[PDB]
Amino acid sequence: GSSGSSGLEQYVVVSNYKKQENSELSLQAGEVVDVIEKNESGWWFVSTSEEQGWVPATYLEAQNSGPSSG
């Protein structure tokens, strides 16, 4: 694995979100996603190996605790 990830915040799901539209996604409890962007309203844009969609931050948890940045 010598490619070098682009660098995206990987958040872990806490609840099984229920997709409603084509855009929305149906993440599973424990599943891992990649936060691409963020909305002031609270809706975050994540992307999974299957597909990409928009989900609420409430359904996401910060995997990392607090590493020594820099």
# chains A, B, ... in the order shown; residues from 1 in each chain; ligands from 1

call {"tool": "select_by_dssp", "arguments": {"residues": "chain A", "states": "strand (DSSP E)", "output": "PyMOL selection string"}}
result
chain A and resi 11-12+34-38+43-47+52-56+61-62

call {"tool": "write_last_selection", "arguments": {"atoms": "C-alpha atoms", "output": "PDB file, in the first residue's frame"}}
result
ATOM      1  CA  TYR A  11     -15.549   9.038  10.895  1.00  0.00           C
ATOM      2  CA  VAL A  12     -17.250   5.990  12.405  1.00  0.00           C
ATOM      3  CA  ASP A  34     -14.761   9.457   4.701  1.00  0.00           C
ATOM      4  CA  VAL A  35     -15.813  13.043   5.411  1.00  0.00           C
ATOM      5  CA  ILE A  36     -15.201  15.020   2.220  1.00  0.00           C
ATOM      6  CA  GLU A  37     -16.946  18.296   3.052  1.00  0.00           C
ATOM      7  CA  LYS A  38     -19.058  19.901   5.778  1.00  0.00           C
ATOM      8  CA  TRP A  43     -25.083  17.984   7.135  1.00  0.00           C
ATOM      9  CA  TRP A  44     -21.743  16.374   6.286  1.00  0.00           C
ATOM     10  CA  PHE A  45     -20.758  14.902   2.920  1.00  0.00           C
ATOM     11  CA  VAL A  46     -19.319  11.401   3.299  1.00  0.00           C
ATOM     12  CA  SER A  47     -18.210   8.828   0.728  1.00  0.00           C
ATOM     13  CA  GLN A  52     -21.504   8.722  -1.848  1.00  0.00           C
ATOM     14  CA  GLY A  53     -24.169  10.788  -0.115  1.00  0.00           C
ATOM     15  CA  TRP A  54     -25.004  13.375   2.535  1.00  0.00           C
ATOM     16  CA  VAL A  55     -25.658  12.455   6.166  1.00  0.00           C
ATOM     17  CA  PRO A  56     -26.105  14.271   9.504  1.00  0.00           C
ATOM     18  CA  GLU A  61     -18.267   9.952  15.716  1.00  0.00           C
ATOM     19  CA  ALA A  62     -14.644  11.105  15.820  1.00  0.00           C
TER      20      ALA A  62
END

call {"tool": "atom_distance", "arguments": {"atom1": "atom CA of residue A:5", "atom2": "atom CA of residue A:59"}}
result
23.9 Å

call {"tool": "atom_distance", "arguments": {"atom1": "atom CA of residue A:13", "atom2": "atom CA of residue A:28"}}
result
6.7 Å

call {"tool": "closest_residue", "arguments": {"among": "A:50, A:33, A:70, A:60", "to": "residue A:10", "atoms": "only C-alpha atoms"}}
result
A:33

call {"tool": "closest_residue", "arguments": {"among": "A:41, A:51, A:4, A:32", "to": "residue A:19", "atoms": "only C-alpha atoms"}}
result
A:51

call {"tool": "atom_distance", "arguments": {"atom1": "atom CA of residue A:48", "atom2": "atom CA of residue A:8"}}
result
11.9 Å

call {"tool": "closest_residue", "arguments": {"among": "A:67, A:2, A:49, A:27", "to": "residue A:14", "atoms": "only C-alpha atoms"}}
result
A:27

call {"tool": "closest_residue", "arguments": {"among": "A:25, A:39, A:3, A:9", "to": "residue A:63", "atoms": "only C-alpha atoms"}}
result
A:9
